[PDB]
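Visitor: An experimental structure, sequence included, is below.
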Amino acid sequence: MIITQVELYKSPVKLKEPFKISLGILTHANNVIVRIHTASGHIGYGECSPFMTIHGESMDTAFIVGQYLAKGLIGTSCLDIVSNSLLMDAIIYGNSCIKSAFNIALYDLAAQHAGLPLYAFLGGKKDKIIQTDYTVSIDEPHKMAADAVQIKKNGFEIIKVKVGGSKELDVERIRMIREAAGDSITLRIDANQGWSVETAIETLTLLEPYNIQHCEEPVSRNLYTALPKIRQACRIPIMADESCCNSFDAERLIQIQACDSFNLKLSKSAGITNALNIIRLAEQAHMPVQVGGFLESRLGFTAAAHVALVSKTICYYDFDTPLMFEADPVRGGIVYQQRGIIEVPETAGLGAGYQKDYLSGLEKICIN
Ligand SMILES: [Mg+2]
């Protein structure tokens, strides 16, 4: 099926509370939406959520680079996923975030053509429960404890805590949370490159007592070579996030035994195609994988959830941010049940789209 036109939308939706990580603060999910049209009249959807401090992209850059990509894809076959992923790479280096949106949409089309839901199209099956954590933004320790409580009250059984401040302050944060929410609720932490190699090790041995599940990206992504040293000095397992974007990154981290687990995100791997490679590597190395994301809407996370069913090595899930939107614009897609359990659509394709005339209100451009 030939690609006849692609539409791009700027989709800014405000968050209830601002989202806060060690790298900065965000008040909106400024996302970019991608719709691919085929001659047969099929439509594939894809979304991406640029994070300036991690992707190096913004909604503004995504919206423009996306147009470069669209131009190149017009006239090609939406089924040649590999050929087209390659075609985009030949057009512009990096820019994984926007690329992933196109890649996701292509798979949507492909699965639709096969008459399967994405997860089945990818060779996965529903043989496990998908359970999301919920994130406590990095703030003053009382505020953080309060949020942790509210989160447990809402029924969530896993808490993700954003750290990355000074050693003293992060420990106070974790304590005040364990103190105000209990020792039985499972919790995981994420520094977003916030610590130096030194502070990391000191803070991580100082936190072991509080029983934490794993720590994401303790130090700068440029310092990944110091990861093995930290892994061996610390009981808490460490999970590579920013340090693990594509499959080359994965292979390299494994080769030097840098971390215990990966955080896999479609935007970092420039789509599903390469995410699959990362998964295979993590399989061959018996490494648990957490699937996550950024501020994608339920549509984006619906893609993540499909991929999440592809392998038994995947077993942790960070699919929380859509719950922070002031308004949910998504039609279909994954549904959040109690305890933070997620159900994946069974209909053909991605199994999600956007609410009627939500898109018509958005700033858009149309390639061909
Ligand atoms: Mg992370």
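Guide: That came in fine, so what should we check first? Numbering: from 1, shown residues only.
Visitor: hang on, residue 27 in a strand?
Guide: Yes - assigned with DSSP: H, G, I helix; E, B strand; the rest coil, residue 27 falls within a strand.
Visitor: Quick one: residues contacting it.
Guide: 14-15, 18-19 (CB atoms under 8 Å, 6 or more residues apart in numbering). Using the backbone N, CA and C atoms, a C-beta is placed for each residue, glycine as well.
Visitor: Need these in CSV (columns: neighbour count).
Guide: Below are the contacts of residue 27 laid out as CSV (neighbours: other CB atoms under 10 Å):
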residue, neighbour count
14, 13
15, 17
18, 13
19, 20
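Visitor: which of those residues are close to the ion?
Guide: Among the contacts of residue 27, no residue sits close to the ion (CB under 5 Å from the ion).
Visitor: give me every residue that touches the closest residue to the ion within the chain.
Guide: Relative to the ion, the nearest point of the chain is residue 241 (3.7 Å; CB to the ion). Residues near residue 241 by CB under 8 Å, 6+ apart: 190, 192, 216-217, 263, 265, 292.
Visitor: For it, give me phi and psi.
Guide: phi -110, psi -90 (degrees, to the nearest 10).
Visitor: What parts of the stretch 51-200 of the chain come near the ion?
Guide: Contact residues (CB under 5 Å from the ion) of the stretch 51-200 of the chain with the ion: residue 190.
Visitor: closest to residue 282 among the contacts of residue 241?
Guide: Nearest to residue 282 among the contacts of residue 241: residue 263, at 10.8 Å, using CB to CB.
Visitor: Quick check: the closest residue to the closest one other than its chain neighbours vs residue 232, distance?
Guide: What sits nearest to residue 263 in space, not counting adjacent residues and going by CB to CB, 6 or more residues apart in numbering, is residue 241, at 4.1 Å. Residue 241 sits at a distance of 20 Å from residue 232 (criterion: CB to CB, to the nearest Å).
Visitor: ok, longest strand in this protein?
Guide: Among the segments of the chain that qualify as a strand by DSSP state E, the longest is strand 3-21.
Visitor: what sits against residue 269?
Guide: Applying CB under 8 Å, 6+ apart, the residues contacting residue 269 are 96, 100, 245-247, 275, 277-278.
Visitor: now with 6 Å?
Guide: 246, 275 (CB atoms under 6 Å, 6 or more residues apart in numbering).
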